[PDB]
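What follows is the content of coords-v3.txt (compact mmCIF, C-alpha atoms (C1' of nucleotides)).
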```txt
# COMPACT_ATOMS: atom_id res chain seq x y z
CA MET G 1 111.81 103.70 106.13
CA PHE G 2 113.24 100.28 107.02
CA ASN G 3 115.78 97.66 106.24
CA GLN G 4 115.01 93.97 106.41
CA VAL G 5 116.71 90.82 105.24
CA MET G 6 115.68 87.15 105.23
CA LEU G 7 118.39 84.56 104.54
CA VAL G 8 118.51 80.80 104.89
CA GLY G 9 121.84 79.30 103.93
CA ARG G 10 124.67 77.12 105.14
CA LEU G 11 127.66 78.23 107.22
CA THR G 12 130.92 78.06 105.32
CA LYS G 13 133.03 77.83 108.55
CA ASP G 14 132.57 77.23 112.24
CA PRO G 15 131.32 80.50 113.73
CA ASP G 16 133.92 83.02 114.88
CA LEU G 17 133.04 83.82 118.50
CA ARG G 18 135.01 86.68 120.07
CA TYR G 19 134.31 88.91 123.08
CA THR G 20 134.53 92.73 123.18
CA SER G 21 136.77 94.20 125.90
CA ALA G 22 133.54 95.15 127.72
CA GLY G 23 132.55 91.43 127.73
CA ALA G 24 129.98 91.25 124.91
CA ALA G 25 129.95 88.13 122.82
CA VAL G 26 130.10 88.86 119.10
CA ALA G 27 130.36 86.38 116.24
CA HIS G 28 131.03 86.49 112.52
CA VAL G 29 129.56 83.87 110.30
CA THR G 30 129.41 83.65 106.53
CA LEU G 31 126.34 82.16 104.86
CA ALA G 32 126.46 80.40 101.54
CA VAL G 33 123.13 80.93 99.78
CA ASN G 34 122.82 79.02 96.53
CA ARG G 35 120.79 80.74 93.85
CA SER G 36 117.80 79.15 92.10
CA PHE G 37 118.92 79.31 88.48
CA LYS G 38 122.03 78.20 86.52
CA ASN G 39 124.55 80.51 84.86
CA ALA G 40 125.44 80.34 81.12
CA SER G 41 127.77 77.36 81.83
CA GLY G 42 124.95 75.48 83.62
CA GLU G 43 126.14 76.01 87.16
CA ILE G 44 124.48 77.10 90.37
CA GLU G 45 126.48 79.77 92.19
CA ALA G 46 126.13 80.88 95.78
CA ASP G 47 126.21 84.24 97.43
CA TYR G 48 128.40 84.46 100.53
CA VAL G 49 126.85 86.73 103.09
CA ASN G 50 128.81 87.84 106.12
CA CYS G 51 126.61 88.19 109.15
CA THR G 52 127.55 89.46 112.51
CA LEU G 53 125.74 88.15 115.61
CA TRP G 54 125.75 89.61 119.15
CA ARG G 55 125.57 88.40 122.72
CA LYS G 56 123.40 85.37 123.39
CA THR G 57 122.64 84.97 119.67
CA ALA G 58 126.35 84.83 119.04
CA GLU G 59 126.99 82.36 121.84
CA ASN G 60 124.15 80.09 120.87
CA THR G 61 125.02 80.12 117.20
CA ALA G 62 128.54 79.07 118.20
CA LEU G 63 127.31 76.32 120.52
CA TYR G 64 124.91 74.72 118.10
CA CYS G 65 126.23 75.34 114.57
CA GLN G 66 129.41 74.28 112.76
CA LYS G 67 130.72 74.62 109.23
CA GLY G 68 127.93 73.13 107.09
CA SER G 69 124.99 73.95 109.45
CA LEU G 70 121.76 75.10 107.82
CA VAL G 71 120.81 78.39 109.44
CA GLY G 72 118.07 81.00 109.06
CA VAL G 73 118.91 84.62 109.80
CA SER G 74 116.91 87.81 109.75
CA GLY G 75 118.33 91.24 110.36
CA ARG G 76 119.44 94.39 108.52
CA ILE G 77 122.15 95.35 106.04
CA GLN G 78 124.68 97.37 108.03
CA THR G 79 127.59 99.35 106.59
CA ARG G 80 130.84 100.43 108.34
CA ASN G 81 140.09 102.95 103.53
CA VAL G 82 137.73 100.32 105.10
CA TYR G 83 134.45 99.87 103.08
CA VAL G 84 132.58 96.95 104.76
CA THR G 85 128.94 95.85 104.40
CA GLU G 86 127.31 92.99 106.35
CA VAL G 87 124.04 91.72 107.71
CA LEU G 88 123.51 92.50 111.39
CA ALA G 89 121.49 89.47 112.55
CA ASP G 90 118.97 89.85 115.30
CA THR G 91 117.50 86.36 115.24
CA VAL G 92 119.05 83.09 114.09
CA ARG G 93 117.14 79.86 113.51
CA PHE G 94 118.85 76.47 113.68
CA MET G 95 117.47 74.21 111.02
CA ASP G 96 119.75 71.20 111.34
CA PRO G 97 117.85 67.92 111.87
CA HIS I 1 116.88 74.49 101.13
CA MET I 2 117.92 78.15 100.60
CA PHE I 3 116.44 81.63 100.59
CA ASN I 4 117.59 85.20 100.09
CA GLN I 5 115.37 88.30 100.13
CA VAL I 6 115.62 91.86 101.28
CA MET I 7 113.23 94.80 101.48
CA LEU I 8 114.45 98.40 101.83
CA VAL I 9 113.10 101.90 101.89
CA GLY I 10 115.73 104.64 101.51
CA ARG I 11 116.81 107.79 99.69
CA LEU I 12 119.17 107.85 96.72
CA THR I 13 122.50 109.44 97.58
CA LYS I 14 123.19 110.41 93.94
CA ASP I 15 121.31 110.41 90.63
CA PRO I 16 121.15 106.86 89.22
CA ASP I 17 124.03 105.57 87.08
CA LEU I 18 122.48 104.34 83.83
CA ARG I 19 124.68 102.17 81.65
CA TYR I 20 124.20 99.65 78.82
CA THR I 21 126.04 96.32 78.40
CA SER I 22 127.52 95.78 74.95
CA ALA I 23 124.70 93.26 74.63
CA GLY I 24 122.30 96.23 74.86
CA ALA I 25 120.93 95.77 78.37
CA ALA I 26 120.25 98.74 80.60
CA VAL I 27 121.80 98.46 84.05
CA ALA I 28 121.77 101.03 86.86
CA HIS I 29 123.74 101.54 90.02
CA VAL I 30 122.17 103.27 92.86
CA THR I 31 123.12 103.77 96.49
CA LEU I 32 120.37 104.00 99.12
CA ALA I 33 120.72 105.80 102.40
CA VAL I 34 118.57 103.88 104.87
CA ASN I 35 118.21 105.86 108.11
CA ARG I 36 118.21 103.71 111.28
CA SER I 37 115.36 103.69 113.88
CA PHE I 38 117.63 104.19 116.93
CA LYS I 39 120.24 106.90 117.64
CA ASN I 40 123.98 106.99 118.50
CA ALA I 41 125.97 108.29 121.50
CA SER I 42 125.52 111.87 120.19
CA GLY I 43 121.76 111.47 119.61
CA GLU I 44 122.08 111.58 115.84
CA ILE I 45 120.47 109.35 113.18
CA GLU I 46 123.07 107.51 111.10
CA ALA I 47 122.20 105.84 107.82
CA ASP I 48 123.39 102.61 106.16
CA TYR I 49 124.45 102.91 102.59
CA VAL I 50 123.33 100.05 100.48
CA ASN I 51 124.38 99.63 96.89
CA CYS I 52 121.75 98.32 94.54
CA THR I 53 121.94 97.16 90.97
CA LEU I 54 118.90 97.47 88.68
CA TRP I 55 118.33 95.88 85.22
CA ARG I 56 116.35 96.37 82.05
CA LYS I 57 113.23 98.58 82.36
CA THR I 58 113.63 98.96 86.11
CA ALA I 59 117.01 100.57 85.56
CA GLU I 60 115.60 102.88 82.91
CA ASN I 61 112.52 103.83 84.86
CA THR I 62 114.34 104.54 88.08
CA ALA I 63 116.77 106.55 86.00
CA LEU I 64 113.94 108.46 84.35
CA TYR I 65 111.93 109.14 87.49
CA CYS I 66 114.28 109.30 90.49
CA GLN I 67 117.28 111.52 91.29
CA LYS I 68 119.51 112.34 94.30
CA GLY I 69 117.16 112.57 97.28
CA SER I 70 114.32 110.40 95.89
CA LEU I 71 112.71 108.13 98.42
CA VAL I 72 112.63 104.69 96.96
CA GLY I 73 111.38 101.31 98.06
CA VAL I 74 113.24 98.26 96.91
CA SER I 75 112.90 94.52 97.16
CA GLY I 76 115.41 92.00 95.83
CA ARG I 77 118.29 89.80 96.96
CA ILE I 78 121.81 90.19 98.27
CA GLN I 79 124.48 89.23 95.84
CA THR I 80 128.21 88.95 96.30
CA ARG I 81 131.05 89.50 93.76
CA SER I 82 134.83 89.58 93.56
CA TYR I 83 136.82 91.48 90.96
CA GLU I 84 140.44 92.53 90.23
CA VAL I 85 144.27 93.80 93.93
CA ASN I 86 141.13 91.61 94.55
CA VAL I 87 137.97 93.20 96.06
CA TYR I 88 134.86 91.79 97.81
CA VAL I 89 131.48 93.42 97.06
CA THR I 90 128.02 92.78 98.47
CA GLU I 91 125.07 94.42 96.76
CA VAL I 92 121.36 94.14 96.60
CA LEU I 93 120.10 93.11 93.23
CA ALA I 94 116.67 94.92 92.97
CA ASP I 95 113.75 93.07 91.39
CA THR I 96 111.32 95.93 91.89
CA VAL I 97 111.46 99.49 92.98
CA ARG I 98 108.71 101.68 94.15
CA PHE I 99 108.86 105.38 93.57
CA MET I 100 107.78 106.99 96.78
CA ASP I 101 108.50 110.72 96.32
CA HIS M 1 104.35 107.79 99.51
CA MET M 2 103.30 104.12 99.96
CA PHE M 3 104.81 100.66 100.24
CA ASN M 4 103.66 97.10 100.73
CA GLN M 5 105.89 94.01 100.79
CA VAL M 6 106.02 90.73 102.63
CA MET M 7 108.46 87.83 102.77
CA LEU M 8 107.46 84.40 104.10
CA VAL M 9 108.86 80.94 104.47
CA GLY M 10 106.29 78.24 105.29
CA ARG M 11 104.87 74.82 104.43
CA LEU M 12 101.83 74.26 102.22
CA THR M 13 98.87 72.95 104.17
CA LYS M 14 97.31 71.32 101.07
CA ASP M 15 98.30 70.64 97.46
CA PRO M 16 98.01 73.86 95.41
CA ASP M 17 94.66 74.79 93.86
CA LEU M 18 95.31 75.35 90.14
CA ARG M 19 92.58 77.12 88.22
CA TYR M 20 92.27 79.04 84.94
CA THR M 21 90.30 82.28 84.37
CA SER M 22 87.99 82.20 81.37
CA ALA M 23 90.58 84.54 79.87
CA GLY M 24 93.04 81.60 80.05
CA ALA M 25 95.23 82.69 82.95
CA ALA M 26 96.52 80.18 85.46
CA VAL M 27 95.88 81.15 89.07
CA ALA M 28 96.68 79.15 92.22
CA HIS M 29 95.58 79.30 95.80
CA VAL M 30 97.85 78.10 98.44
CA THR M 31 97.86 78.32 102.22
CA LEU M 32 101.18 78.52 104.07
CA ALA M 33 101.71 77.38 107.61
CA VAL M 34 104.37 79.69 109.05
CA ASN M 35 105.58 78.35 112.41
CA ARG M 36 106.32 81.06 115.01
CA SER M 37 109.73 81.50 116.76
CA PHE M 38 108.31 81.64 120.32
CA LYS M 39 106.03 79.18 122.17
CA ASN M 40 102.63 79.35 123.93
CA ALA M 41 101.49 78.69 127.53
CA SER M 42 101.69 74.91 126.85
CA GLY M 43 105.17 75.11 125.28
CA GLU M 44 103.92 74.29 121.80
CA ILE M 45 104.75 75.94 118.45
CA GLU M 46 101.66 77.41 116.78
CA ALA M 47 101.64 78.42 113.13
CA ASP M 48 100.00 81.30 111.24
CA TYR M 49 98.08 80.35 108.18
CA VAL M 50 98.57 82.73 105.36
CA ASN M 51 96.63 82.49 102.13
CA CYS M 52 98.56 83.27 98.99
CA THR M 53 97.45 83.74 95.43
CA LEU M 54 99.83 82.93 92.55
CA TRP M 55 99.47 83.82 88.83
CA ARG M 56 100.60 82.69 85.41
CA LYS M 57 103.76 80.50 85.33
CA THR M 58 104.32 80.85 89.07
CA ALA M 59 100.95 79.24 89.70
CA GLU M 60 101.71 76.44 87.27
CA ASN M 61 105.19 75.80 88.52
CA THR M 62 104.26 75.76 92.18
CA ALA M 63 101.43 73.45 91.19
CA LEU M 64 103.80 71.19 89.28
CA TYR M 65 106.55 71.07 91.88
CA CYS M 66 105.04 71.54 95.35
CA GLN M 67 102.39 69.59 97.28
CA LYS M 68 101.01 69.41 100.85
CA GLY M 69 104.04 69.69 103.14
CA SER M 70 106.38 71.48 100.69
CA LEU M 71 108.52 74.15 102.26
CA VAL M 72 108.15 77.25 100.20
CA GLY M 73 109.55 80.74 100.29
CA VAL M 74 107.39 83.57 99.09
CA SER M 75 107.69 87.28 98.53
CA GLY M 76 104.87 89.56 97.42
CA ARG M 77 102.31 92.00 98.81
CA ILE M 78 99.24 91.95 101.01
CA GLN M 79 96.02 92.50 99.19
CA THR M 80 92.52 92.96 100.52
CA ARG M 81 89.15 92.01 98.91
CA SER M 82 85.44 91.98 99.69
CA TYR M 83 82.91 89.67 98.08
CA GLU M 84 79.25 88.59 98.49
CA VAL M 85 76.51 88.14 103.21
CA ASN M 86 79.64 90.33 102.60
CA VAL M 87 83.12 88.98 103.54
CA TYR M 88 86.54 90.62 104.15
CA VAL M 89 89.65 88.79 102.90
CA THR M 90 93.34 89.60 103.24
CA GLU M 91 95.81 87.60 101.20
CA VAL M 92 99.36 87.75 100.06
CA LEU M 93 99.70 88.09 96.35
CA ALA M 94 103.00 86.19 95.58
CA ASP M 95 105.38 87.63 93.00
CA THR M 96 107.93 84.86 93.40
CA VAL M 97 108.16 81.57 95.14
CA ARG M 98 111.16 79.57 95.98
CA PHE M 99 110.96 75.84 96.17
CA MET M 100 112.85 74.84 99.25
CA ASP M 101 112.13 71.10 99.70
CA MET Q 1 111.23 79.94 108.51
CA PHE Q 2 109.98 83.50 109.07
CA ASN Q 3 107.26 85.99 108.47
CA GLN Q 4 107.96 89.62 107.74
CA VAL Q 5 105.94 92.53 106.46
CA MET Q 6 106.84 96.11 105.50
CA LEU Q 7 103.99 98.59 105.03
CA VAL Q 8 103.87 102.34 104.69
CA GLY Q 9 100.37 103.71 104.33
CA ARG Q 10 97.88 106.16 105.77
CA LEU Q 11 95.54 105.53 108.71
CA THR Q 12 91.90 105.42 107.69
CA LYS Q 13 90.66 106.30 111.24
CA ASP Q 14 92.02 107.58 114.52
CA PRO Q 15 93.69 104.63 116.23
CA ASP Q 16 91.52 102.43 118.46
CA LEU Q 17 93.30 102.31 121.83
CA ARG Q 18 91.85 99.85 124.35
CA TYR Q 19 93.35 98.21 127.46
CA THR Q 20 93.25 94.49 128.33
CA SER Q 21 91.81 93.61 131.75
CA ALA Q 22 95.41 92.95 132.85
CA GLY Q 23 96.28 96.57 131.90
CA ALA Q 24 98.05 96.16 128.55
CA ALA Q 25 97.48 98.82 125.97
CA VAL Q 26 96.42 97.40 122.61
CA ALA Q 27 95.39 99.31 119.49
CA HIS Q 28 93.81 98.51 116.15
CA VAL Q 29 94.61 100.62 113.17
CA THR Q 30 93.80 100.12 109.52
CA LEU Q 31 96.32 101.20 106.88
CA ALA Q 32 95.33 102.30 103.42
CA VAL Q 33 98.12 101.36 101.02
CA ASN Q 34 97.56 102.62 97.50
CA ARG Q 35 98.89 100.37 94.77
CA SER Q 36 101.30 101.53 92.06
CA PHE Q 37 99.31 100.71 88.93
CA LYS Q 38 95.79 101.50 87.64
CA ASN Q 39 92.98 98.98 87.13
CA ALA Q 40 91.18 98.47 83.78
CA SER Q 41 89.03 101.58 84.47
CA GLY Q 42 92.17 103.70 85.10
CA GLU Q 43 91.92 103.87 88.86
CA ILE Q 44 94.36 103.38 91.70
CA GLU Q 45 92.94 101.15 94.44
CA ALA Q 46 94.21 100.73 97.96
CA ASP Q 47 94.63 97.74 100.18
CA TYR Q 48 93.29 98.17 103.72
CA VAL Q 49 95.49 96.39 106.19
CA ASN Q 50 94.39 95.92 109.77
CA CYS Q 51 97.28 96.09 112.16
CA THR Q 52 97.24 95.50 115.83
CA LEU Q 53 99.74 97.34 118.07
CA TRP Q 54 100.66 96.58 121.71
CA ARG Q 55 101.70 98.44 124.82
CA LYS Q 56 103.90 101.48 124.34
CA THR Q 57 103.69 101.15 120.54
CA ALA Q 58 99.93 101.26 120.84
CA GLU Q 59 99.95 104.23 123.19
CA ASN Q 60 102.40 106.20 121.13
CA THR Q 61 100.65 105.51 117.87
CA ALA Q 62 97.46 106.81 119.52
CA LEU Q 63 99.17 109.92 120.89
CA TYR Q 64 100.85 110.97 117.68
CA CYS Q 65 98.70 109.72 114.77
CA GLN Q 66 95.14 110.50 113.65
CA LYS Q 67 92.99 109.53 110.70
CA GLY Q 68 95.12 110.52 107.69
CA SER Q 69 98.58 110.10 109.34
CA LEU Q 70 101.32 108.57 107.21
CA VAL Q 71 102.73 105.62 109.12
CA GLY Q 72 105.34 102.93 108.58
CA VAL Q 73 104.80 99.53 110.16
CA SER Q 74 106.81 96.35 110.23
CA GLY Q 75 105.67 93.13 111.81
CA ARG Q 76 104.21 89.72 110.94
CA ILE Q 77 100.99 88.37 109.44
CA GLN Q 78 99.09 86.82 112.35
CA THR Q 79 95.96 84.68 112.09
CA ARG Q 80 93.29 84.04 114.77
CA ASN Q 81 83.18 80.87 113.01
CA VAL Q 82 85.80 83.69 113.40
CA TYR Q 83 88.45 83.67 110.58
CA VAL Q 84 90.62 86.81 111.16
CA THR Q 85 94.02 87.73 109.69
CA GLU Q 86 96.02 90.87 110.59
CA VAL Q 87 99.49 92.30 110.82
CA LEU Q 88 100.94 92.22 114.32
CA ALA Q 89 103.12 95.36 114.35
CA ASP Q 90 106.26 95.45 116.40
CA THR Q 91 107.58 98.83 115.31
CA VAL Q 92 105.71 101.85 113.99
CA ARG Q 93 107.33 104.87 112.34
CA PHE Q 94 105.64 108.27 112.29
CA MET Q 95 106.26 109.95 108.99
CA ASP Q 96 104.06 113.02 109.30
CA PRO Q 97 105.95 116.29 108.70
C1' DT E 1 83.49 100.08 108.22
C1' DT E 2 88.15 102.72 104.28
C1' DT E 3 93.21 107.32 103.90
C1' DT E 4 96.40 112.45 100.74
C1' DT A 1 133.07 109.75 102.79
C1' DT A 2 126.88 109.50 100.63
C1' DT A 3 120.25 111.04 101.55
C1' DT A 4 115.94 113.99 103.96
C1' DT P 1 113.08 72.45 90.75
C1' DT P 2 110.69 78.00 88.24
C1' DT P 3 109.60 82.72 88.09
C1' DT P 4 110.52 88.53 83.78
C1' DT P 5 116.60 88.50 84.08
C1' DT P 6 119.62 86.10 85.62
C1' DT P 7 123.63 89.80 81.90
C1' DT P 8 127.98 94.58 83.36
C1' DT P 9 131.52 97.94 86.26
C1' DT P 10 133.25 99.42 91.01
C1' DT H 1 139.06 83.19 102.70
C1' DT H 2 133.63 79.97 100.63
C1' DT H 3 128.75 75.51 102.41
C1' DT H 4 125.00 69.95 101.19
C1' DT V 1 89.96 73.89 111.83
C1' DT V 2 95.40 73.57 108.18
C1' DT V 3 102.08 72.07 107.67
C1' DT V 4 106.94 69.52 109.44
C1' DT S 1 105.37 107.73 88.32
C1' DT S 2 107.19 101.75 86.39
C1' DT S 3 108.31 97.07 86.86
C1' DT S 4 106.49 90.56 84.10
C1' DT S 5 100.68 90.80 85.90
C1' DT S 6 98.08 93.52 87.68
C1' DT S 7 93.36 89.28 85.85
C1' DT S 8 89.64 84.97 89.24
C1' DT S 9 87.02 82.31 93.51
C1' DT S 10 86.58 81.80 98.74
```

Take the structure I supplied and represent it as structure tokens, if you would.
Amino acid sequence: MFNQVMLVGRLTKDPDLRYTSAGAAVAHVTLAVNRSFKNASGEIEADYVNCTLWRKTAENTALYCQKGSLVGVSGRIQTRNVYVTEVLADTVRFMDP
Amino acid sequence: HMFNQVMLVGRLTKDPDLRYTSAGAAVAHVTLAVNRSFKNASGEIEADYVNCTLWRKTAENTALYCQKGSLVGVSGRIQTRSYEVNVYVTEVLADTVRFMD
Amino acid sequence: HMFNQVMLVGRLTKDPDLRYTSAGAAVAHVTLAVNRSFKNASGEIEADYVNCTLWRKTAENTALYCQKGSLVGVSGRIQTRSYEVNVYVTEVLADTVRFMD
Amino acid sequence: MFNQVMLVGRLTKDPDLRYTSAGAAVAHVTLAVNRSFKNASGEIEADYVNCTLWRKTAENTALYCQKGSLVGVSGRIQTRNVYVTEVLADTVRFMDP
DNA sequence: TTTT
DNA sequence: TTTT
DNA sequence: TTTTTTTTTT
DNA sequence: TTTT
DNA sequence: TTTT
DNA sequence: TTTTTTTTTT
């Protein structure tokens, strides 16, 4: 029984690097992933996936990616009145030339 | 330039919700409890609850064959939506589902 | 009781091999170079070379649109075969492919 | 650019636990995964996937699973005249009641 | 060389 | 506000 | 630039 | 609150 | 015996 | 027990 996600998209904003009171880096990025087909009106829409990164992954994503950066992410769908649902990234690939 | 896929194995929290669009298309809403590998501070196994939408025959078949409790394997893509008091939803749109009971 | 899925993003090592069964079905053979995340003892990036089989329109389309070098995203399942001097093959049978160029 | 595999099948043999000359446990299991449809003759065939496990994963798989055990595995397709291609498992789940 |  |  | 479909409510 |  |  | 198809050579 597992939970696995592969996304490659583009960051909609500079990554949001914060630190927990314990000292752990944690970042929130949102990935625009265009679809592969057009809708009735002939347009390509994107899905906007919120991913949360931790520690070194978070710091490095922040260092090396801005708004617009092409990024690969794998991880799991996590879920946390407040009904939130994100991808918890364990590895990030930087794909900017 | 872009890619979006997901694979999941989990149990249905409730019987599937089988509806038809006024066009005539079957669509189903299902929520999967996916138990984590690790444990918490109390030594318990928490699950993540992922909402999946199914379409056409997949919707009907999972309706017909699975119910609350059914172990199900799903592959598809994450999709995001807003509706209206404006809400943000992220689901998995299932392409296939495997009945694992 | 069972489940088998794979997702892959890699580059084609050669133009796709488009054939037709004597039934009339398009089928394509493609090998994907999937570069690893880590590095070796020399600090180089090695790739894994995964053979994928495509069918019907997917075979034709990937034939028509991709060539040696094309970045491609694939999802499907692992399948195993023996033929005849008897050989053991494991491939990925692609359900979908995304053209990522 | 990634490589991810989810299998849940049944071991065809007791796991093959060996140790490298350095001391690392390494195991080779083969997973029977039945398909979901019948072939022309009305039969369900299986795919037999060779997976290689390392270290603690290898030792634990050996300890707790025999021929017949239901097992979940995620990992990547690895490839190594000798033309071999397996799944390199990073996590194994034991699903035997 | 293939499992319930 | 959820499954075994 | 394409797959089977790319389509509803919550 | 959405990217090339 | 392979891709960027 | 079902999805679109469950079908070839290497």

I want to know what sits within 10 Å of stretch 79-82 of chain G, based on all atoms listed in the file, with residues of the same chain fewer than 3 positions away left out; could you give that as a count of residues only?
10

Once 3 Å is added on each side, what centre and edge lengths in Å to one decimal does the axis-aligned box around all listed atoms of chain S have, as JSON?
```
{"center_x": 97.4, "center_y": 94.8, "center_z": 91.4, "size_x": 27.7, "size_y": 31.9, "size_z": 20.6}
```

I want to know what sits within 9 Å of residue V:2, based on only C-alpha atoms (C1' of nucleotides), with residues of the same chain fewer than 4 positions away left out; could you give that as a count of residues only?
7

Closest contacts (chain M/chain E, max 12 Å, only C-alpha atoms (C1' of nucleotides)) as JSON lines:
```
{"residue": "M:1", "atom": "CA", "partner": "E:4", "partner_atom": "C1'", "distance": 9.3}
{"residue": "M:2", "atom": "CA", "partner": "E:4", "partner_atom": "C1'", "distance": 10.8}
{"residue": "M:80", "atom": "CA", "partner": "E:2", "partner_atom": "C1'", "distance": 11.3}
{"residue": "M:82", "atom": "CA", "partner": "E:1", "partner_atom": "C1'", "distance": 11.9}
{"residue": "M:86", "atom": "CA", "partner": "E:1", "partner_atom": "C1'", "distance": 11.9}
{"residue": "M:88", "atom": "CA", "partner": "E:1", "partner_atom": "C1'", "distance": 10.7}
```

Selection: 8 Å around residue Q:59, only C-alpha atoms (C1' of nucleotides), excl. self and same-chain fewer than 5 positions, as an NGL selection string:
:Q and (17 or 25-27 or 54)

The selected residues should be written to file as a PDB file, keeping the file's coordinate frame (atoms: C-alpha atoms).
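Result file follows (part10.pdb):
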```pdb
ATOM      1  CA  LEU Q  17      93.300 102.310 121.830  1.00  0.00           C
ATOM      2  CA  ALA Q  25      97.480  98.820 125.970  1.00  0.00           C
ATOM      3  CA  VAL Q  26      96.420  97.400 122.610  1.00  0.00           C
ATOM      4  CA  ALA Q  27      95.390  99.310 119.490  1.00  0.00           C
ATOM      5  CA  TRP Q  54     100.660  96.580 121.710  1.00  0.00           C
TER       6      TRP Q  54
END
```

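Of note, atom CA of residue M:64 and atom CA of residue M:24 are spaced 17.6 Å apart.
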
Atom CA of residue G:97 to atom CA of residue G:53 measures 22.0 Å

Can you move chain Q onto chain G by a least-squares fit over all C-alpha atoms paired in order, then give me the moved copy as a short mmCIF file (atom, residue, chain, number, x, y, z; two decimals) with C-alpha atoms, keeping the file's coordinate frame?
```
data_model
loop_
_atom_site.label_atom_id
_atom_site.label_comp_id
_atom_site.auth_asym_id
_atom_site.auth_seq_id
_atom_site.Cartn_x
_atom_site.Cartn_y
_atom_site.Cartn_z
CA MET Q 1 111.80 103.70 106.13
CA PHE Q 2 113.24 100.28 107.02
CA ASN Q 3 115.78 97.65 106.24
CA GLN Q 4 115.01 93.97 106.41
CA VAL Q 5 116.71 90.82 105.24
CA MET Q 6 115.69 87.15 105.23
CA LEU Q 7 118.39 84.55 104.54
CA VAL Q 8 118.51 80.81 104.89
CA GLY Q 9 121.84 79.31 103.93
CA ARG Q 10 124.67 77.11 105.14
CA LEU Q 11 127.66 78.23 107.22
CA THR Q 12 130.92 78.06 105.32
CA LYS Q 13 133.03 77.84 108.54
CA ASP Q 14 132.57 77.23 112.24
CA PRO Q 15 131.31 80.49 113.73
CA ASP Q 16 133.92 83.02 114.88
CA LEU Q 17 133.04 83.82 118.50
CA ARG Q 18 135.02 86.68 120.07
CA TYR Q 19 134.31 88.91 123.09
CA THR Q 20 134.53 92.73 123.18
CA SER Q 21 136.76 94.20 125.90
CA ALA Q 22 133.54 95.15 127.72
CA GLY Q 23 132.55 91.44 127.73
CA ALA Q 24 129.98 91.25 124.91
CA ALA Q 25 129.95 88.13 122.82
CA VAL Q 26 130.10 88.87 119.10
CA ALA Q 27 130.36 86.38 116.24
CA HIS Q 28 131.03 86.49 112.52
CA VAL Q 29 129.56 83.87 110.29
CA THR Q 30 129.41 83.65 106.53
CA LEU Q 31 126.34 82.16 104.86
CA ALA Q 32 126.45 80.40 101.54
CA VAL Q 33 123.13 80.93 99.78
CA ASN Q 34 122.82 79.02 96.54
CA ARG Q 35 120.79 80.74 93.85
CA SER Q 36 117.81 79.15 92.11
CA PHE Q 37 118.92 79.31 88.48
CA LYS Q 38 122.03 78.21 86.52
CA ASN Q 39 124.56 80.51 84.85
CA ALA Q 40 125.44 80.34 81.13
CA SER Q 41 127.77 77.36 81.83
CA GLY Q 42 124.94 75.48 83.62
CA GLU Q 43 126.13 76.02 87.16
CA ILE Q 44 124.48 77.09 90.37
CA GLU Q 45 126.48 79.77 92.19
CA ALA Q 46 126.13 80.88 95.78
CA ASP Q 47 126.21 84.24 97.42
CA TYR Q 48 128.40 84.46 100.53
CA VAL Q 49 126.85 86.73 103.09
CA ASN Q 50 128.80 87.84 106.12
CA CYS Q 51 126.61 88.19 109.15
CA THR Q 52 127.56 89.47 112.51
CA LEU Q 53 125.74 88.15 115.61
CA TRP Q 54 125.75 89.60 119.15
CA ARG Q 55 125.57 88.39 122.72
CA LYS Q 56 123.39 85.37 123.39
CA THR Q 57 122.64 84.97 119.67
CA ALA Q 58 126.35 84.83 119.03
CA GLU Q 59 127.00 82.36 121.83
CA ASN Q 60 124.16 80.09 120.86
CA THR Q 61 125.01 80.11 117.20
CA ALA Q 62 128.55 79.07 118.21
CA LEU Q 63 127.31 76.32 120.53
CA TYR Q 64 124.90 74.72 118.10
CA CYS Q 65 126.22 75.34 114.56
CA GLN Q 66 129.41 74.28 112.75
CA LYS Q 67 130.72 74.62 109.23
CA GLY Q 68 127.93 73.13 107.09
CA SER Q 69 124.99 73.94 109.45
CA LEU Q 70 121.76 75.11 107.83
CA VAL Q 71 120.81 78.40 109.43
CA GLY Q 72 118.08 81.00 109.07
CA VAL Q 73 118.92 84.62 109.79
CA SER Q 74 116.91 87.81 109.76
CA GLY Q 75 118.33 91.24 110.36
CA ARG Q 76 119.44 94.39 108.52
CA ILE Q 77 122.15 95.35 106.04
CA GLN Q 78 124.68 97.37 108.03
CA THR Q 79 127.59 99.35 106.59
CA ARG Q 80 130.83 100.42 108.34
CA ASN Q 81 140.10 102.95 103.53
CA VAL Q 82 137.73 100.32 105.09
CA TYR Q 83 134.46 99.87 103.08
CA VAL Q 84 132.58 96.95 104.77
CA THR Q 85 128.94 95.85 104.40
CA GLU Q 86 127.31 92.99 106.35
CA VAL Q 87 124.04 91.72 107.71
CA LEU Q 88 123.52 92.49 111.38
CA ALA Q 89 121.49 89.47 112.55
CA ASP Q 90 118.97 89.85 115.31
CA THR Q 91 117.50 86.35 115.24
CA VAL Q 92 119.05 83.09 114.09
CA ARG Q 93 117.14 79.86 113.50
CA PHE Q 94 118.85 76.47 113.68
CA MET Q 95 117.46 74.21 111.02
CA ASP Q 96 119.74 71.20 111.34
CA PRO Q 97 117.84 67.92 111.86
#
```

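Atom pair atom CA of residue G:60 / atom CA of residue G:13: separated by 15.4 Å.
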
Hey, list the chain Q side of the contact with chain M: 10 Å cut-off, all atoms listed in the file, answer as a ChimeraX atom specification.
/Q:1-10,32-36,46-50,70-80,83-87,95

Name all residues at most 8 Å from residue P:3 (count only C-alpha atoms (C1' of nucleotides); drop same-chain ones fewer than 5 positions away) and give them as JSON, numbers by chain.
{"M": [57, 58, 96, 97]}
